[PDB]
**Student:** 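Input: one structure, supplied below.
Just so it is clear, the values below take in all heavy atoms, side chains as well, and ignore hydrogens, waters and symmetry mates. In the text below, chain A, chain B and the rest are named by the order of the sequence lines, each starting its count at 1.
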Amino acid sequence: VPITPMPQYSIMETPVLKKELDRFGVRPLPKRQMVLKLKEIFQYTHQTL
Amino acid sequence: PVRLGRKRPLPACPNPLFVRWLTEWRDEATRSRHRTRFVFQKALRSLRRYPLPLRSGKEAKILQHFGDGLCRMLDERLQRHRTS
């Protein structure tokens, strides 16, 4: 299993955050909510080294 | 600072109850040729992509194809589950 660096979601453009969330079945949300959700998903699905 | 991760084991369903209930509703609507069959089908599709446990039907509003009506149904079914 390779090392995945977590994307810096906080500096991502709003359209890109929406597309990232679409992967996980999630609809567009307010920007702060999208950033928090993508971080939450990453931490649940990956073990931090 | 950059956080580094290793993907975790392929996880079981994070939402087995919601999957079960949407499946039951889908199958019931399919058998009867009801117009709402597509509602359940589309919700199952988005739910299966979502890796986090949901605490409520209300929380599930963030998912594509989860309308207010369906989220209410999930809340009601949750109440019945833990009541019984």
**Student:** Would you name the heavy atoms of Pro5(A) and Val2(B) that are closest together and state the gap between them?
**Tutor:**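 Heavy-atom minimum between the residues: CB-CG1, 3.9 Å.
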**Student:** Is it true that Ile62(B) and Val16(A) fall in one hydrophobic cluster, defined by side-chain heavy atoms closer than 4.5 Å?
**Tutor:** yes
**Student:** Does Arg77(B), at its CZ atom, have more than 12 non-hydrogen atoms belonging to other residues, nucleotides or ligands within less than 6.0 Å?
**Tutor:** yes
**Student:** Using 0.5 Å steps for rounding, measure from the CG atom of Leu22(B) to the CG atom of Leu44(B).
**Tutor:**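 The CG atom of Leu44(B) is 4.5 Å from CG of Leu22(B), to the nearest 0.5 Å.
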**Student:** Where is the tightest heavy-atom contact between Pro51(B) and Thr45(A), given as atom of each residue plus distance?
**Tutor:** CB-CG2, 3.8 Å
**Student:** Between CG of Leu54(B) and CG of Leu47(B), what distance do you get to the nearest 0.5 Å?
**Tutor:**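 Atom-to-atom, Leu54(B):CG and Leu47(B):CG are 6.5 Å apart.
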**Student:** With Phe24(A), which residues qualify under ring pair (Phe, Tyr, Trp, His ring centres under 6.0 Å), at least two apart?
**Tutor:** none
**Student:** Hey, what do you get for CD (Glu59(B)) to CG (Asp75(B)), rounding to the nearest 0.5 Å?
**Tutor:**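 The CG atom of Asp75(B) is 10.5 Å from CD of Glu59(B), to the nearest 0.5 Å.
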**Student:** Please round to the nearest 0.5 Å and tell me the distance separating atom CG of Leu70(B) and atom CZ of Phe40(B).
**Tutor:** 6.5 Å
**Student:** To the nearest 0.5 angstrom, please state how far the CG atom of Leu21(A) sits from the CG atom of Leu29(A).
**Tutor:** 6.0 Å
**Student:** Give every residue pair that meets the side chain to side chain donor-acceptor pair (under 3.5 Å) criterion with at least one member in residues 10-26 of chain B, sequence neighbours excluded.
**Tutor:**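 Qualifying pairs, neighbours excluded: none.
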**Student:** Under the side-chain hydrogen bond (donor to acceptor under 3.5 Å, both in side chains) test, which residues partner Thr30(B), sequence neighbours left out?
**Tutor:** none
**Student:** Between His34(B) and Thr36(B), do the side chains contain an N or O donor and an N or O acceptor separated by less than 3.5 Å?
**Tutor:**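 There is such a pair (donor and acceptor under 3.5 Å, judged by atom type) between the side chains of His34(B) and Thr36(B).
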**Student:** Without placing hydrogens or testing angles, list every side-chain donor-acceptor pair under 3.5 Å for residues 6-13 of chain B, not counting sequence neighbours.
**Tutor:**
{"from": "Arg6(B)", "atom 1": "NH1", "to": "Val1(A)", "atom 2": "O", "distance (Å)": "2.6"}
{"from": "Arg8(B)", "atom 1": "NH1", "to": "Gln43(A)", "atom 2": "O", "distance (Å)": "2.6"}
{"from": "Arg8(B)", "atom 1": "NH1", "to": "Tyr44(A)", "atom 2": "O", "distance (Å)": "2.8"}
{"from": "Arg8(B)", "atom 1": "NH1", "to": "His46(A)", "atom 2": "O", "distance (Å)": "3.3"}

**Student:** Return the minimal non-hydrogen interatomic distance between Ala60(B) and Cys71(B), and the atom names on each side.
**Tutor:**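 The answer is C-SG, 3.9 Å.
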**Student:** Treating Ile, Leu, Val, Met, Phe, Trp and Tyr as nodes and any side-chain heavy-atom pair under 4.5 angstrom as an edge, say whether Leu36(A) and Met34(A) lie in one connected cluster.
**Tutor:** no
**Student:** Sequence neighbours left out, what pairs pass side chain to side chain donor-acceptor pair (under 3.5 Å) with at least one residue falling in residues 9-37 of chain A?
**Tutor:** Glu20(A)-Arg23(A), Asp22(A)-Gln64(B), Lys37(A)-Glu40(A), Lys37(A)-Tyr50(B)
**Student:** Do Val26(A) and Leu63(B) pass the side chain to side chain contact (heavy atoms under 4.5 Å, CB included) test, and can you show the C-alpha distance, the side-chain angles, and the key distance before you say yes or no?
**Tutor:** CA-CA 4 Å; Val26(A) 178; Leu63(B) 260 30; 4.0 Å; yes
**Student:** With sequence neighbours excluded, tell me which residues meet ring pair (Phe, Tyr, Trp, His ring centres under 6.0 Å) with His65(B).
**Tutor:** none
**Student:** Output, in order, the C-alpha distance, side-chain angles, deciding distance and verdict of side chain to side chain contact (heavy atoms under 4.5 Å, CB included) for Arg31(B) and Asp27(B).
**Tutor:** CA-CA 6 Å; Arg31(B) 182 175 194 260; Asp27(B) 292 351; over 6 Å; no
**Student:** Can you measure from OG1 (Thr4(A)) to CE (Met6(A)) and round to the nearest 0.5 angstrom?
**Tutor:**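 Spacing of OG1 (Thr4(A)) from CE (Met6(A)) equals 11.0 Å.
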